[PDB]
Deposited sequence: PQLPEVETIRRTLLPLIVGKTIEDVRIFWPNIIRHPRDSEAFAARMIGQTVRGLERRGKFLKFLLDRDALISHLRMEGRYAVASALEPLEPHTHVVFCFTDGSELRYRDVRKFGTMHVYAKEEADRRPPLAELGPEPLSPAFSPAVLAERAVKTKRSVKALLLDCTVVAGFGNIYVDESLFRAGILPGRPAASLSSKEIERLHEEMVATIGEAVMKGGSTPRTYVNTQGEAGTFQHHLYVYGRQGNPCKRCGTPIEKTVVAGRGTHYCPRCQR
């Protein structure tokens, strides 16, 4: 799920778990647990804590408990569900939080790609994976000025820049390509080559693109198909080590 979907999960999941107390934590794929390193310590420490809140930073979910925070990333295919302990688990369920009321928060992931970190609340923001995370794209902290400053200092492409979690939080591959199209900027352009005008335009489209989604596609996955603005076939290449989609007429 992308940032907008994660925000939706945050909003919808909260009332389903707030105020519930953890009675057990069952782990069927220990590698998901990244901290504490020992999955048995992870499970042991959460038992007895009550869920108090649920926040989002980038694409990370931060479950707030009594003493600890659980930081969770779903990557591409991870999913949470709240359901009864009396029913069979769905396929590819890797971690289950059992509540004293007989309900469960279950983490599924066909790809087994997600991660979980638990720390005392007060430590979470200064430890991985939240440490170094850039500003929210929808916050005033993410500004043309901030973007311009990172752009001038690097030799990387503008796409590589936008994908950098330290530059801006949780801006995924799809929104990078879409924003660059809407801004009229080629993804392979050196970040430092962007004029002041292009930076302002890019920031504007990044906010608009992600903002609209939080509340169709022009290029992503549309290779070989006509651009919706000019009719030129959308092309796909590899930039910054990822599938990259663009219109060679609209973007310069």
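Enquirer: What's missing from the model if you number the deposited sequence from 1?
Expert: No C-alpha coordinates exist for 216-236, and that is the only such stretch.
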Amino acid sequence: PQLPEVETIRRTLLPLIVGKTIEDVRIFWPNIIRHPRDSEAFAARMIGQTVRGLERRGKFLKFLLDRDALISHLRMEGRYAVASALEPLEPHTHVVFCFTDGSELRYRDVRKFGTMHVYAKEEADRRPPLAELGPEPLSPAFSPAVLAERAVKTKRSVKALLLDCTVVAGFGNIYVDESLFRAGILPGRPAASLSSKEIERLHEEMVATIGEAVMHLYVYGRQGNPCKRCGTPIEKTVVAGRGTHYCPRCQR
From here on, numbers count along this sequence of modelled residues.
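Enquirer: Can you tell me whether 240-248 has a higher mean C-alpha B factor than 9-17 in this record, or the other way round?
Expert: Comparing averages over the C-alpha atoms only gives 240-248.
Enquirer: Can you tell me whether 26-34 has a higher mean C-alpha B factor than 199-207 in this record, or the other way round?
Expert: Averaging CA B-factors over each stretch, the winner is 199-207.
Enquirer: Whose C-alpha has the highest temperature factor in the PDB entry: 126, 79, 73, 117?
Expert: Across 126, 79, 73, 117, the entry lists the biggest C-alpha B-factor for 126.
Enquirer: Between 104, 178, 109, 132, let me know which has the highest C-alpha B-factor in the entry?
Expert: When the deposited C-alpha B-factors of 104, 178, 109, 132 are compared, 132 is largest.
Enquirer: Which third of the chain does residue 216 land in by C-alpha B-factor: lowest, middle or highest?
Expert: Highest third of the chain for residue 216's C-alpha B-factor.
Enquirer: Quick check for you: using the entry's CA B-factors within this chain, is residue 187 in the lowest, middle or highest third?
Expert: Middle third, going by the recorded CA B-factors of the chain.
Enquirer: Is residue 94 in the lowest, middle or highest third of its chain when residues are ranked by C-alpha B-factor?
Expert: Ranked within chain, residue 94 CA B lands in the lowest tercile.
Enquirer: Report the third (lowest, middle or highest) to which the CA temperature factor of residue 222 belongs, ranking only the modelled residues of the same chain.
Expert: Tercile = highest for this residue's CA B-factor.
Enquirer: Compare the C-alpha B factor of residue 147 with those of the other modelled residues in its chain, then answer lowest, middle or highest third.
Expert: Residue 147: CA B-factor falls in the highest third of its chain.
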